[PDB]
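Take a look at the structure set out below.
Numbered from 1 within each chain, the chains take letters A, B, ... in sequence-line order. Read the numbers this way: they start at 1 and go in the same order the structure lists the ligands and their atoms.
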2 protein chains.
Amino acid sequence: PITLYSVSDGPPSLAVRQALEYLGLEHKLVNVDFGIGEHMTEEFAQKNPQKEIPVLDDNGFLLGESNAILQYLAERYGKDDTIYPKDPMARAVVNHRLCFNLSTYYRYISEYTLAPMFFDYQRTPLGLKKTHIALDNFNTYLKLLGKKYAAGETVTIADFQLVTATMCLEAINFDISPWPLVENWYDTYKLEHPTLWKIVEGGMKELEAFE
Amino acid sequence: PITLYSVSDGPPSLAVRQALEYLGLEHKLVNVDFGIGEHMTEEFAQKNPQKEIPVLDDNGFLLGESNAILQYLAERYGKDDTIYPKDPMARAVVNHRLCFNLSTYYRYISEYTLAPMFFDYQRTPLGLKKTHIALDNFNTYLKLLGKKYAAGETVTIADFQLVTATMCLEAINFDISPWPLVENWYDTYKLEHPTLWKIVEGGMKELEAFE
Ligand SMILES: N[C@@H](CCC(=O)N[C@@H](CS)C(=O)NCC(=O)O)C(=O)O
Ligand SMILES: N[C@@H](CCC(=O)N[C@@H](CS)C(=O)NCC(=O)O)C(=O)O
């Protein structure tokens, strides 16, 4: 079987869960922030030095880092390659956007939105400026590629990540209308993939309560 | 033709250059920190909103993010898949280590070593602790996988990145002997891939001068 160790309102976990839903993959979900889930990772803590969540357990194969989990699930499962194309150039655009999310978009958004929620970290003007730069960059990338989704004309695993990062801004009532291509993309995602957005919305609601 | 826009002593650039050498790919190298290189990216600055370096220009296809550049070069070129295996599980270990480098290993090392060199950023005990955690994690990953290299028994594109991150510690005379598996891996890399280490060493020497 497949088991996902996850944080119920963690954007990386929510990215992986959208992929599992899109691919129709049965799995056990362990929310490590829910009740006894805290201890349900003890069976493999020496194996994740980073205290790594999410972690995917595919029939004994343990894999961390949400980007790598998504790249693995999409290559190994599914009837076609549309969410992670095999063509090297098409794939490179997906891989680029996944790197952009990890290094820049979700890096700066998460530091401004979530870190102050759950830590003694402070929101600052500099953190706000970096959030604006990340949104500028994403708006420009959408304009440059010229397609409906972040790495193609249809959804890919890059969108699964970028959506959960953008949701962090919504969770704190951050107005994204200054980035019209990002706003249009986000609304289009929700309209065309309601069962995927539904997963992310459940996490958003938890975050709004503890904003 | 292929053109690489690079920073002569930038670890991400040096990772890509090792791949170009390993794959035997002829290319034009533009060091944007050398003389007139500063302006030689003006022909595509609207196209890289992040002020993105390195950037690969493969016959008109422009690709940023060093991880994505490496994943593209290794899939598109080369006679075998040993530096980026096609098998989904073997590939997932490479992808995981690339994510680990971006999110954690090079993230914390670069903030402790290089950012204070070239900015008003300060070395702190917390930054040192995070460097130690990153090295702990890498030592544990090498032990867990149990292989000679970071994602297999032979070199992969993950090693090209992890080597340039570790070089930043060497550039400031940081002793890595408390992490014996990392030290052994680093020395083995240099012994078995001298033409690749040579590229990285040239950048190290520039960084040592301005440490
Ligand atoms: N780079 C990792 C980040 C995962 C992550 O940050 N997980 C959080 C929960 S949202 C955690 O539990 N620990 C890491 C932290 O301190 O942020 C990924 O994409 O999977
Ligand atoms: N995530 C990017 C990082 C590239 C990067 O940081 N490049 C540096 C030179 S080493 C730069 O020129 N600008 C970004 C910065 O401010 O660090 C990658 O892996 O390619």
Side-chain angles (χ1 to χ4, degrees), chain A residues 4-16 31-33 37-38 41 48-56 63-71 95-96 98-107 109-111 113-115 117-119 121 130 133 137 160-161 164-165 168 203 206-207, chain B residues 4-16 31-33 37-38 41 48-56 63-71 95-96 98-107 109-111 113-115 117-119 121 130 133 137 160-161 164-165 168 203 206-207:
Chain A
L4 180 69
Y5 297 88
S6 65
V7 176
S8 63
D9 55 357
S13 290
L14 295 163
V16 173
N31 276 332
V32 301
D33 56 311
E38 286 154 54
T41 53
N48 296 331
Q50 285 180 261
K51 316 309 183 296
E52 209 172 8
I53 303 290
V55 170
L56 185 84
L63 179 62
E65 285 288 353
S66 58
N67 277 1
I69 296 162
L70 287 167
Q71 292 162 325
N95 284 342
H96 172 274
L98 289 167
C99 289
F100 169 66
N101 190 66
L102 184 54
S103 73
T104 301
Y105 194 71
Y106 182 59
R107 180 164 300 151
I109 288 172
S110 73
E111 288 172 355
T113 57
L114 307 185
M117 277 188 208
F118 308 108
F119 293 111
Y121 200 84
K130 291 182 186 186
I133 291 169
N137 294 345
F160 300 163
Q161 290 282 30
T164 69
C168 290
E206 289 180 10
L207 290 175
Chain B
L4 180 69
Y5 297 88
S6 65
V7 176
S8 63
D9 55 357
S13 290
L14 295 163
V16 173
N31 276 332
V32 301
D33 56 311
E38 286 154 54
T41 53
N48 296 331
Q50 285 180 261
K51 316 309 183 296
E52 209 172 8
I53 303 290
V55 170
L56 185 84
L63 179 62
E65 285 288 353
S66 58
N67 277 1
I69 296 162
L70 287 167
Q71 292 162 325
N95 284 342
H96 172 274
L98 289 167
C99 289
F100 169 66
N101 190 66
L102 184 54
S103 73
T104 301
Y105 194 71
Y106 182 59
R107 180 164 300 151
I109 288 172
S110 73
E111 288 172 355
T113 57
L114 307 185
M117 277 188 208
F118 308 108
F119 293 111
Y121 200 84
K130 291 182 186 186
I133 291 169
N137 294 345
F160 300 163
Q161 290 282 30
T164 69
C168 290
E206 289 180 10
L207 290 175

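With 3.5 Å as the limit, one finds a donor-acceptor pair spanning the side chains of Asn95(B) and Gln71(B).
Residues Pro11(B) and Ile109(B) are not in side-chain contact: their nearest non-hydrogen atoms beyond the backbone lie 4.5 Å or more apart.
Distances from atom 2 (C) of ligand 1 to the protein include at least one heavy-atom value under 4.0 Å. Atom 20 (O) of ligand 1 lies below 4.0 Å from at least one non-hydrogen atom of the protein. There is no protein heavy atom less than 4.0 angstrom from atom 16 (O) of ligand 1.
Atom 13 (N) of ligand 1 has its closest protein heavy atom at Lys51(A) O, 4.4 Å. When only non-hydrogen protein atoms are considered, atom 9 (C) of ligand 1 lies nearest to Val7(A) CG2, 4.0 Å.
By the 3.5 Å distance cut-off applied to N or O atoms, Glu65(B) is counted among the residues near ligand 2. Ligand 1 has an N or O atom lying under 3.5 Å from an N or O atom of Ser66(A), backbone or side chain.
Which parts of ligand 1 touch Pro54(A) is read off a 4.0 Å heavy-atom cut-off, strictly below it: atoms 20 (O).
Distance check: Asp9(A) CG to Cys168(A) SG gives 9.0 Å after rounding to the nearest 0.5 Å.
Closest approach of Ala15(A) to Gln161(A), counting heavy atoms only: CB-OE1, 3.2 Å. The two atoms that bring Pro54(A) and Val16(A) nearest to each other are CG-CG2, 4.4 Å, heavy atoms only. Among all heavy-atom pairs drawn from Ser6(B) and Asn31(B), the shortest one is OG-OD1, 2.7 Å.
Residue contact check for ligand 1: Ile53(A) places a non-hydrogen atom closer than 4.0 Å to it.
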Might you work through the side chain to side chain contact (heavy atoms under 4.5 Å, CB included) test for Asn67(B) and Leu98(A), ending with a clear yes or no? CA-CA 10 Å; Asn67(B) 277 1; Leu98(A) 289 167; over 6 Å; no
